[PDB]
There are 4 protein chains.
Amino acid sequence: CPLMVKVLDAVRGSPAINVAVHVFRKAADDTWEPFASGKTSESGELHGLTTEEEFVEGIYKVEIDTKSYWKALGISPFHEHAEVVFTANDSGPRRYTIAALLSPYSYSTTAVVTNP
Amino acid sequence: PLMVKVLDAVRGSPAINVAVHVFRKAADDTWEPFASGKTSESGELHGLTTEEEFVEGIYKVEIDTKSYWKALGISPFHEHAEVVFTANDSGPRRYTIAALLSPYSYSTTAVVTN
Amino acid sequence: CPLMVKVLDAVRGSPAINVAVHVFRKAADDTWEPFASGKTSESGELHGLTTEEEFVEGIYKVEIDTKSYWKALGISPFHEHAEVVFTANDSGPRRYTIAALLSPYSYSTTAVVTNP
Amino acid sequence: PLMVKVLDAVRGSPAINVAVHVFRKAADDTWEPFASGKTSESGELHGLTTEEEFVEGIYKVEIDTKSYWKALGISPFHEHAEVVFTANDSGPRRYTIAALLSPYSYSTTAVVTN
Ligand SMILES: Cc1n[nH]c(C)c1CCCOc1ccccc1F
Ligand SMILES: Cc1n[nH]c(C)c1CCCOc1ccccc1F
């Protein structure tokens with residue numbers, strides 16, 4: 001898949017399941033257009049967000065709904081969300097994995113970018 | 001009441017002269033400029049706000065990571081790093097937002113103390 | 001596999017390939033006995049370290065040879081290695097993934113623990 | 001010349017009263033005790049060594065993370081967090097080892113300055 005999101009829970013030592021993720025793409029007029037969305041699976045993964053045709057060059061924002069996740073668990077966290085913003089596909093199509101590792105007051109994120 | 005600290009995981013150093021913009025969420029859900037500055041030689045940015053001005057609300061701290069890496073001659077992944085949070089009066093009074101930067105990754109934490 | 005190690009490179013945005021990993025287990029006499037070893041694949045993964053029979057309860061140390069990795073790449077890093085030390089299987093068999101995300105002066109590690 | 005800073009990613013606070021042991025690698029490859037202490041109210045441990053004693057070599061900083069979490073009534077994954085590194089005179093002079101703790105994860109960085 002050209003875009004995959006993986007989310008882990010640093011408190012539980014587990015995938016972060018049922019995490020809402022919203023992806024936006026910056027439009028010609030500088031606003032953030034809704035691009036795709038979904039929820040992580042029981043493995044903490046979200047596949048199927050887009051296609052190689054649809055996933056054209058642009059500036060994309062992957063918003064990971066960490067507060068909704070921590071509060072669905074009955075916990076009060078620090079951040080509203082974790083946002084990951086990046087230019088994609090500007091040297092041709094690539095495959096992107098965005099990983100996030102979550103704690104109530106902290107997160108870390110990395111990208112793995114591969115050329116098919 | 002608000003401090004930002006930025007570190008460089010490639011060089012093992014403070015991240016110096018990084019632009020940081022702070023925004024407050026307005027009633028209409030847009031982000032309005034609140035505070036900004038450049039990190040110091042110690043990677044810190046102090047003096048952003050005062051207790052009087054830093055009322056409860058949703059704040060966004062945008063760290064211009066892309067320019068930092070480019071100035072070092074390194075191509076990075078992210079446009080910027082964003083830290084978005086609610087300031088809450090029933091919590092401790094001083095907020096430190098720390099970020100640890102790599103070209104394709106970052107870590108951020110909050111230290112909230114009294 | 002009951003024990004898997006995944007290593008990522010935060011500088012490259014890629015799996016960390018050809019990373020040596022040594023696993024030790026603490027003996028009755030408090031020394032660190034060699035348990036297993038291997039190298040990460042082109043996906044940054046190392047499988048096949050042990051079997052459920054062999055992977056008994058104990059205190060295990062997963063040593064990730066980060067300095068050898070960064071210097072094989074011609075780079076001078078801060079740490080000698082990254083060590084991950086944990087009690088395993090003390091409530092019965094579990095499956096462990098140890099993940100590490102590497103930079104020259106920093107690393108982060110997490111565990112995912114699942115019950116088969 | 002050596003400082004250790006420990007933060008808690010669950011509570012958003014310094015990690016207070018954490019035991020830290022520093023070791024120096026001996027000629028025979030064993031680890032010999034060098035310095036130890038407990039983090040302060042600010043999560044910091046200063047006063048470990050002096051410039052005179054902190055010669056080039058391989059050092060290990062062991063942070064007793066398991067006891068910290070247990071005292072909070074949380075079951076953690078790791079026995080401890082280990083940070084192993086070479087002190088090198090041709091590098092800057094002051095080393096700060098920072099660690100950010102969660103029950104099943106930790107992050108560590110080095111800030112080496114002059
Ligand atoms: C370890 C870590 N991973 N991710 C983050 C975010 C941090 C904390 C940043 C290091 O904190 C320091 C704070 C003040 C001075 C020196 C320091 F190294
Ligand atoms: C170590 C780390 N710190 N911060 C981040 C972000 C990561 C990488 C997380 C990805 O790790 C996994 C990937 C697949 C399965 C299990 C895994 F733990």
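Only heavy atoms go into these numbers, but all of them, side chains included; no hydrogens, no water, no symmetry mates. First the proteins, then the strands, lettered A, B, ... as listed; each starts at 1.
In this structure D/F23 satisfies the ring-ring contact (aromatic ring centres under 6.0 Å, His included) test with no other residue, sequence neighbours excluded.
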For side chain to side chain contact (heavy atoms under 4.5 Å, CB included), just list the numbers for B/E82 and B/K60, CA-CA rounded to whole Å, side-chain angles, deciding distance to a tenth of an Å, and then say yes or no.
CA-CA 7 Å; B/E82 298 266 64; B/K60 177 175 65 166; 3.5 Å; yes

Full working for side chain to side chain contact (heavy atoms under 4.5 Å, CB included) between B/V20 and B/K38
CA-CA 6 Å; B/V20 179; B/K38 294 269 253 182; over 6 Å; no

Output, in order, the C-alpha distance, side-chain angles, deciding distance and verdict of side-chain hydrogen bond (donor to acceptor under 3.5 Å, both in side chains) for D/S102 and A/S103.
CA-CA 7 Å; D/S102 302; A/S103 301; 2.7 Å; yes

Check step by step if side chain to side chain contact (heavy atoms under 4.5 Å, CB included) holds for C/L49 and C/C1.
CA-CA 8 Å; C/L49 284 163; C/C1 230; over 6 Å; no

Is there a side chain to side chain contact (heavy atoms under 4.5 Å, CB included) between D/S36 and D/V22? Walk through the geometry before answering.
CA-CA 6 Å; D/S36 63; D/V22 186; over 6 Å; no

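Considering NZ of C/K71 and OG1 of C/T66, their distance stands at 11.5 Å, rounded to 0.5 Å. Within the model, atoms CD1 of C/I64 and CG of C/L102 stand 7.0 Å from one another, a figure rounded to the nearest 0.5 Å. Note: A/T110 OG1 to C/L101 CG = 4.5 Å, rounded to the nearest 0.5 Å. In this structure, NZ in D/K25 is found 4.5 Å from CD1 in D/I58, a value given to the nearest 0.5 Å.
Judged by distance alone, the side chain of A/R25 and the main-chain N or O of A/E57 form a donor-acceptor pair under 3.5 Å. One N or O on the side chain of A/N89 and one on the backbone of A/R94 form a donor-acceptor pair closer than 3.5 Å. The backbone N or O of C/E45 lies less than 3.5 Å from a partner atom in the side chain of C/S41, making a donor-acceptor pair. Looking only at distances, a side-chain donor or acceptor of A/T109 sits under 3.5 Å from a matching main-chain atom of A/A99.
The minimum heavy-atom distance linking B/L2 with B/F85 is given by the pair CD1-CZ, 4.3 Å. Closest approach of B/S67 to B/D64, counting heavy atoms only: OG-OD2, 2.7 Å.
The local environment of CD in D/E32 is crowded, with over 12 non-hydrogen atoms from other residues, nucleotides or ligands closer than 6.0 Å.
Among B/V112, B/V111, B/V83, the single residue meeting the side chain to side chain contact (heavy atoms under 4.5 Å, CB included) criterion with B/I97 is B/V83.
A donor and an acceptor atom, one from each side chain of A/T50 and A/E54, are located under 3.5 Å apart.
B/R94 is not listed as a side-chain neighbour of B/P1, based on a closest heavy-atom distance of 4.5 Å or more.
If you look at C/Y60 and C/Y96, their ring centroids are not closer than 6.0 Å.
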Give every donor-acceptor pair under 3.5 Å between a side-chain atom in residues 3-19 of chain B and any protein atom, sequence neighbours left out.
residue : atom : partner : partner atom : Å
B/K5    : NZ   : B/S42   : O            : 3.4
B/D8    : OD1  : B/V10   : N            : 2.7
B/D8    : OD1  : B/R11   : N            : 2.8
B/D8    : OD2  : B/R11   : NE           : 3.2
B/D8    : OD2  : B/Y68   : OH           : 2.6
B/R11   : NH2  : B/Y68   : OH           : 3.1

Taking only distance into account, with no hydrogens and no angle test, what donor-acceptor pairs under 3.5 Å do side-chain atoms of residues 73-81 of chain C form with protein atoms, sequence neighbours excluded?
residue : atom : partner : partner atom : Å
C/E80   : OE1  : C/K67   : NZ           : 3.4
C/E80   : OE2  : C/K67   : NZ           : 2.9
C/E80   : OE2  : D/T86   : OG1          : 2.8
C/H81   : NE2  : C/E63   : OE2          : 3.1

